[PDB]
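Chains as they are written, first to last, in the authors' numbering: chain G, 44 to 124, 198 to 301, 324 to 355, 357 to 397, 407 to 492; chain H, 1 to 52, 52A, 53 to 82, 82A to 82E, 83 to 100, 100A to 100B, 101 to 216; chain L, 1 to 27, 27A, 28 to 91, 96 to 214.
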Amino acid sequence: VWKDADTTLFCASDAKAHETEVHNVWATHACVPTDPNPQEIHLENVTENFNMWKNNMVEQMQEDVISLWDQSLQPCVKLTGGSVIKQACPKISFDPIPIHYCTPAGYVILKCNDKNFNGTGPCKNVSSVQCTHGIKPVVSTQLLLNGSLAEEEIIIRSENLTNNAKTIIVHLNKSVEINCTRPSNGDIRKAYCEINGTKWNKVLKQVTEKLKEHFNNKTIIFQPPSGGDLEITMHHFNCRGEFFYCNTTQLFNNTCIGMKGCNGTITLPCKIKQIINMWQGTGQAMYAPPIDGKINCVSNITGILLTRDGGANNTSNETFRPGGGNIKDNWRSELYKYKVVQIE
Amino acid sequence: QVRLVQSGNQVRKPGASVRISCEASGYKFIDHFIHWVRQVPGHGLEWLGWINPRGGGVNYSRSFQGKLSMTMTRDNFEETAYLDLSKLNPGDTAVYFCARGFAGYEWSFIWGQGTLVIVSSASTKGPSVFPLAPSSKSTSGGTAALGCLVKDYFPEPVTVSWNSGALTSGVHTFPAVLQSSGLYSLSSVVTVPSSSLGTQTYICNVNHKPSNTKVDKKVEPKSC
Amino acid sequence: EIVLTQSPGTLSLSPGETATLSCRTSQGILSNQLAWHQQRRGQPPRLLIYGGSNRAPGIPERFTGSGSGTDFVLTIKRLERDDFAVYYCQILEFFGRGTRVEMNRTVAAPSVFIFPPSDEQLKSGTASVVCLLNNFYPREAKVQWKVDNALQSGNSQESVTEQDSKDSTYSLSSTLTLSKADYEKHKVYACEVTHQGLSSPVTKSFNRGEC
Ligand SMILES: *[C@@H]1O[C@H](CO)[C@@H](O)[C@H](O)[C@H]1NC(C)=O
Ligand SMILES: *[C@@H]1O[C@H](CO)[C@@H](O)[C@H](O)[C@H]1NC(C)=O
Ligand SMILES: *[C@@H]1O[C@H](CO)[C@@H](O)[C@H](O)[C@H]1NC(C)=O
Ligand SMILES: *[C@@H]1O[C@H](CO)[C@@H](O)[C@H](O)[C@H]1NC(C)=O
Ligand SMILES: *[C@@H]1O[C@H](CO)[C@@H](O)[C@H](O)[C@H]1NC(C)=O
Ligand SMILES: *[C@@H]1O[C@H](CO)[C@@H](O)[C@H](O)[C@H]1NC(C)=O
Ligand SMILES: *[C@@H]1O[C@H](CO)[C@@H](O)[C@H](O)[C@H]1NC(C)=O
Ligand SMILES: *[C@@H]1O[C@H](CO)[C@@H](O)[C@H](O)[C@H]1NC(C)=O
Ligand SMILES: *[C@@H]1O[C@H](CO)[C@@H](O)[C@H](O)[C@H]1NC(C)=O
Ligand SMILES: *[C@@H]1O[C@H](CO)[C@@H](O)[C@H](O)[C@H]1NC(C)=O
Ligand SMILES: *[C@@H]1O[C@H](CO)[C@@H](O)[C@H](O)[C@H]1NC(C)=O
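#1: Considering Cα atoms alone, identify which of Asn465(G), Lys227(G) and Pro253(G) is closest to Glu83(G).
#2: Report all residues for which the CB-ligand distance to some heavy atom of ligand 8 is below 7 Å; order them along the chain.
#3: What are the boundary residues of the alpha helix (DSSP H) that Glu370(G) is part of?
#4: Identify the contact partners of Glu212(H) in chain G, using a Cβ-Cβ distance below 8 Å as the criterion.
#5: Taking the alpha carbon of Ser203(H) as the point to measure from, which residue in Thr193(H), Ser172(H), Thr160(H) and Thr151(H) has its own alpha carbon closest?
#6: Taking the Cβ atom as the reference point for each residue, do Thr388(G) and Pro363(G) lie within a distance shorter than 8 Å?
#7: In this structure, what does DSSP give as the bridge partners for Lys328(G)?
#8: Mind checking whether the beta-carbon of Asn229(G) lies closer than 7 Å to any heavy atom of ligand 2?
#9: Does the beta-carbon distance from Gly104(H) to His32(H) come in below 8 Å?
#10: Is any heavy atom of ligand 1 found at a distance shorter than 7 Å from the C-beta of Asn241(G)?
#11: Anything in the stretch 370-389 of chain G with a Cβ closer than 8 Å to a Cβ of chain H? List those residues in chain order, please.
#12: Can you look up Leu111(G) in the DSSP assignment and give me helix, strand or coil?
#13: Whole-angstrom Cβ separation of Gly8(H) and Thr107(H), contact assumed at under 8 Å?
#14: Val169(H) bridges to which residues according to DSSP?
#15: What does a CB cutoff of less than 6 Å around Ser209(G) pick up in its chain, not counting 5 residues either side in sequence?
#16: Mapping DSSP to helix, strand and coil, what is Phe53(G)?
#17: Throw me the rounded Cβ distance for the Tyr99(H) and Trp36(H) pair, which I believe falls under 8 Å.
#18: Which residue comes first and which comes last in the alpha helix (DSSP H) that contains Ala34(L)?
#19: Alpha carbon to alpha carbon, what distance is there between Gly42(H) and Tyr486(G)?
#20: Threshold first: 4 residues or longer. Then list the alpha helix (DSSP H) segments lying entirely within the stretch 119-197 of chain L, N to C.
#21: I'd like the list of long-range same chain contacts for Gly250(G), defined as Cβ closer than 7 Å, with 5 residues on each side in sequence excluded.
#22: If we ignore side chains and look at the alpha-carbon of each, how far apart do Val200(G) and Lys121(G) end up?
#23: Measure from the C-beta of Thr358(G) to each C-beta in chain L and report whether the shortest distance is under 8 Å.
#24: Against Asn279(G), what residues of chain L qualify as contacts under a CB-to-CB distance less than 8 Å, listed in chain order?
#25: Where does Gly198(G) land, buried or exposed, given buried means 16+ other C-beta within 10 angstroms?
#26: Could you have a look at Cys214(L) and say whether DSSP puts it in helix, strand or coil?
#27: Between the stretch 415-427 of chain G and the stretch 280-291 of chain G, are three or more C-beta pairs nearer than 8 Å?
#28: Does any residue of chain L have a CB that is nearer than 8 Å to the CB of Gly458(G)?
#29: Excluding the 5 residues preceding and the 5 following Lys231(G) in the sequence, name in chain order all residues of the same chain whose CB lies nearer than 6 Å to its CB.
#30: Hey, does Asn301(G) have any beta-carbon neighbour from chain H nearer than 8 Å?
#31: Identify, in the order they occur along the chain, each residue of the same chain with its Cβ nearer than 6 Å to the Cβ of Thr183(H), setting aside the five sequence neighbours on each side.
#32: So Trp479(G) and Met95(G) are in contact, right, with Cβ under 8 Å, and what is the actual spacing, rounded?
#33: Are there any heavy atoms of ligand 1 lying less than 7 Å away from the beta-carbon of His249(G), as far as the coordinates show?
This is how it looks when you write it as structure tokens:
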């Protein structure tokens, strides 16, 4: 017999002691090696309730990524309130590695294997595992990158869709590549992101169709963010240690859903910023100018964060804007199928 | 204790802007959304939107899109949220509240004290004060009524006292009414013994701070 | 949109009695999604109940939230003076239109007074004629201006006090505004008052220019 419980997890990874890359360095002293022979036991005739929105595994992962970033990033200036810290800011090696989350003795992780499980409610295909799959701690906004895919249909996740303050996570079932480049090609901060418009617009139309099912067949319209810091109004992510800000207006083009020119490549204008707002909470940091040469990163778009416009208007349509409420929601997007229980 | 303290009441011309602040205290500012709510005098509460201090992301009510130009911002260091309203119209005259959900219940609002914003083309003007004279047919050993008509001022408020506060029994000072001129008017009345009309002096003290106007008006039976 | 319907619109109860306020929703909701607020006149709202049934800290135990599905209730036992107020329910971003809880007392007829315009005001070109209805209950009252027996409509404005906390009565002023020229065209100015406490309407009058 078991019951829902929280406990201190530990992490496992394939980090290497010879690697200078900062995730590897953190995971070398903060995690144990990955289980060579992972065991998963499918529990016959067991129904179990999950709640991805109230899952302490998420909070624990959050604290790890905060500690990782705190020990790794080296901005020229750290700013907090009135406190200013100038320090050396050498260019670092930055590339997230998969981190596994594991239970200690007396506990186990239950895992929902229902293919269209939305994150809350009963799960009828439950297995037990010692460790999660490897999750890359990718810090990004608007788009979820390099994550896992929904196995069957596109899944809409929300604690409550009627509640406009609750984050919506759209889980894709097919990846769309996003190809970002700061060319060696003169504005050194000017960059761009290329997306296959045919692939993307097909997926985005699929997303709108799934949103329709959850919102009483109302018309689904996208709009750009109404306000916020640049990390919010733009697709924000890091590539090779550099902080990228990409304009996603073209990525949510209502004309290309439901006619001429939407098949070509979508090019998003981007900027690399030296001065950023810290996602850990309150704080500003300034980094050195971008590294020389071509800066390039290809990522998989595997999810979208959305916010729905609140308030009451005679509604033919619901309006959604890219961006979610919280960095922890990124961890939720991967941890949704897991729950810790205590063995009795 | 959770506390939200807003900036003071404002008066604007049509077309102008106003920025209302909302200073939070008693909790960890970045972990709670700030909402804004308006209430037109005499009407109900209407949610305007929220801001998320973690990033400054916002959600503006569809009900006010195209009807109210607003911008929500915050300063995390100062733990203050701001509501900026531009291109004001007379219909934007309202009390604006900021609010924060009770812990664990984002839509169970804890309220700031409110900020009145008046939008009017009227210009600042002190009142004229006229006597409401006690009737000469007041019952001999009964009760008389008298008062002051405080007319054609802008903006609110005026205060009215009687005999510098030494008379408060039986005093009614009415809510101001907005006239079609765009100026306000109110009356303050008091009931007093009819026997006192020939011996007791009654003075209404009117103060209109926005125009730095003060009036001490003696109210007496009208001579025949 | 969640449509909230509060009922009744107005409650008239004696102090000591129990008030039962309803908030009904067009669709079933979760309890956590509902709050009750109290608003005294001229004041900000104050949170009473959060999450449908939880009394906010400092809120007296005589306030109790209950309900589920589509029907939520705020019950106020042993009404005190400060409890006579407007109460709003909130569900997510939506507010009910409010229930006003008003103090019941014995019927009280208004004392009625009429005031001619001052000579000083007339000098400036305008005449304000004022009718005062003092210390009555209930609030409902009709004031009718008559000028040489001609019923006037549209040239007066009324103001009513908040219910008096001390004696639970209301008072009301009605102001008839005329140009000096129009005022001088007529002799008899009268306000006629109808109220539950009067067996028949009371009229107060004066003749212009007469003591
Ligand atoms: C449960 O899900 C697993 C995938 O992990 C699958 O292999 C298995 O067949 C499923 N069991 C049932 C009874 O559907
Ligand atoms: C998820 O599934 C549960 C159980 O069927 C249901 O109660 C809930 O509404 C669903 N949520 C979403 C966002 O579809
Ligand atoms: C990107 O997606 C493809 C197909 O979905 C997958 O094979 C590949 O491993 C993914 N790459 C990363 C870095 O996640
Ligand atoms: C993804 O899900 C949609 C429905 O949500 C479905 O139409 C589509 O075929 C799925 N794609 C894949 C590759 O499974
Ligand atoms: C990505 O962009 C670069 C530069 O525009 C281009 O050379 C490359 O072919 C693109 N695709 C991939 C998979 O790198
Ligand atoms: C874009 O993706 C589609 C598949 O949906 C593919 O047929 C097409 O060749 C791609 N475009 C380019 C330029 O590779
Ligand atoms: C994105 O680009 C559009 C069109 O160029 C522009 O109107 C919008 O302001 C941009 N957004 C941001 C956050 O820069
Ligand atoms: C949206 O797509 C259309 C193609 O029909 C294109 O002409 C237009 O420029 C796009 N708008 C934005 C803001 O990207
Ligand atoms: C996604 O993975 C690719 C290859 O592993 C990497 O180059 C890229 O930087 C990753 N994207 C992010 C945002 O970390
Ligand atoms: C969201 O709230 C509504 C009531 O407002 C409720 O009917 C629905 O079940 C809730 N959704 C979930 C996933 O609990
Ligand atoms: C109002 O108060 C009076 C006097 O106390 C009482 O007779 C009457 O029944 C009350 N009315 C109501 C509706 O409580």
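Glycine included, C-beta positions come from ideal geometry on N, C-alpha and C.
The short version:
#1: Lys227(G)
#2: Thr388(G), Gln389(G), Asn392(G), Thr394(G), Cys395(G), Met407(G), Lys408(G), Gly409(G) and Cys410(G)
#3: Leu369 to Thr372
#4: None at all; the shortest Cβ gap to chain G is about 57 Å.
#5: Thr151(H)
#6: yes
#7: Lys419(G)
#8: no
#9: no
#10: yes
#11: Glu370 and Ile371
#12: helix
#13: 7 Å
#14: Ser177(H)
#15: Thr63 and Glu64
#16: strand
#17: Not really, about 18 Å apart at Cβ, beyond 8 Å.
#18: Unbroken run through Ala34(L) is the beta strand (DSSP E), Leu33 to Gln38; no alpha helix (DSSP H).
#19: 51 Å
#20: 122-127 and 183-186
#21: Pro214, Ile215 and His216
#22: 6 Å
#23: no
#24: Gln32 and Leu91
#25: exposed
#26: coil
#27: no
#28: yes
#29: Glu267 and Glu268
#30: no
#31: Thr135, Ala137 and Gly162
#32: That belief does not hold up - the Cβ atoms of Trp479(G) and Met95(G) are roughly 10 Å apart, past 8 Å.
#33: no
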